[PDB]
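For reference, the structure discussed in these notes is given below.
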Amino acid sequence: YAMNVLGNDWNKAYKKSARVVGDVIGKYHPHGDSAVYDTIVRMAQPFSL
DNA sequence: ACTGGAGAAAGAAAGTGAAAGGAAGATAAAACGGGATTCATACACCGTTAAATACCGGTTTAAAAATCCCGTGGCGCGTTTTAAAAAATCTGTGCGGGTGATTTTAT
């Protein structure tokens, strides 16, 4: 939902991961950031999904 | 003079950094043993023949087989030990979201 709100579509330029992690932590998820980054990493590995 | 608190000295017990050394590991040089070539040379297979050996008939005789009496130790039974193998029970560990923390360099 945060990535959708940021307008980070599939046919546009990439964005830094720190910005997305900061948005998620500051607006929706009241927890740590390293776990969020690790969760984001797993959803991009071709040998995991 | 006497009392009770407080600071300083002195003494004894515990923690400490450093210690040969030795069994317990670890790592290289060496001696070994097991395949691919390369032939010359000794070995395998085929005709010929004198000679050495197998075989039959009948003795025999000395040696080995058969038989009887007995007196033992070597197997057999019952009951314990004792390792050896098997079944049962514990110990780690990694997968993914969460909580909280550490270190070294340049100017």
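As a basis for the values below, the full set of heavy atoms in this structure was taken, side chains included, without hydrogen atoms, waters or symmetry mates. All chains are named by letter (A, B, ...) in the order of the sequence lines, taking the proteins before the strands, and each is independently numbered beginning at 1.
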Chain A vs DNA chain B, heavy-atom contacts under 4.0 Å, first-to-last nucleotide span, 5' to 3', is B:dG96 to B:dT99
With syn defined as a glycosidic angle within 90 degrees of 0 and anti as anything else, the base of B:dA31 is anti
In short, A:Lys15 meets A:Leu6 closest at the heavy-atom pair CE-O, 4.2 Å
Taking every heavy atom of A:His31 against every heavy atom of A:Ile25, the minimum-distance pair comes out as O-CD1, 3.4 Å
Ring of B:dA26, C1'-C2'-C3'-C4' positive counted as north and negative as south, is tagged north
So the side-chain hydrogen bond (donor to acceptor under 3.5 Å, both in side chains) pairs with at least one residue in residues 37-49 of chain A (sequence neighbours excluded) are A:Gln45-A:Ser48
Applying the Watson-Crick and G-U criteria (both distances under 3.5 angstrom) with [ ] for crossing and | for other-strand pairs, one obtains for DNA chain B ...........................................................................................................
**Prompt:** When you look at NZ of A:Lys16, are more than 12 heavy atoms from neighbouring residues, nucleotides or ligands closer to it than 6.0 Å?
**Reply:** no
Residues A:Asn8 and A:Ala13: closest non-hydrogen pair is OD1-O, 3.6 Å
A student applying the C1'-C2'-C3'-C4' rule, positive for north and negative for south, should call the sugar of B:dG78 south
In numerical order, the residues of residues 19-38 of chain A whose heavy atoms come under 4.0 Å of DNA chain B are A:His29, A:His31, A:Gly32
With north defined by a positive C1'-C2'-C3'-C4' torsion and south by a negative one, B:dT99 has a sugar that is north
Residues at least two apart in sequence or cross-chain that pass ring pair (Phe, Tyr, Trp, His ring centres under 6.0 Å) with A:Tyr1, listed by chain then number, are A:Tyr28
### Message
Under 5.5 Å between six-membered ring centres and under 30° between their planes: does that hold for the bases of B:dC95 and B:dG96?
### Response
no
Within residues 39-49 of chain A, the residues having a heavy atom closer than 4.0 Å to DNA chain B are A:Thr39, A:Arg42
The furanose of B:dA40, with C1'-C2'-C3'-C4' positive read as north and negative as south, falls south
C1'-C2'-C3'-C4' sign, positive north and negative south, makes the B:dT103 sugar north
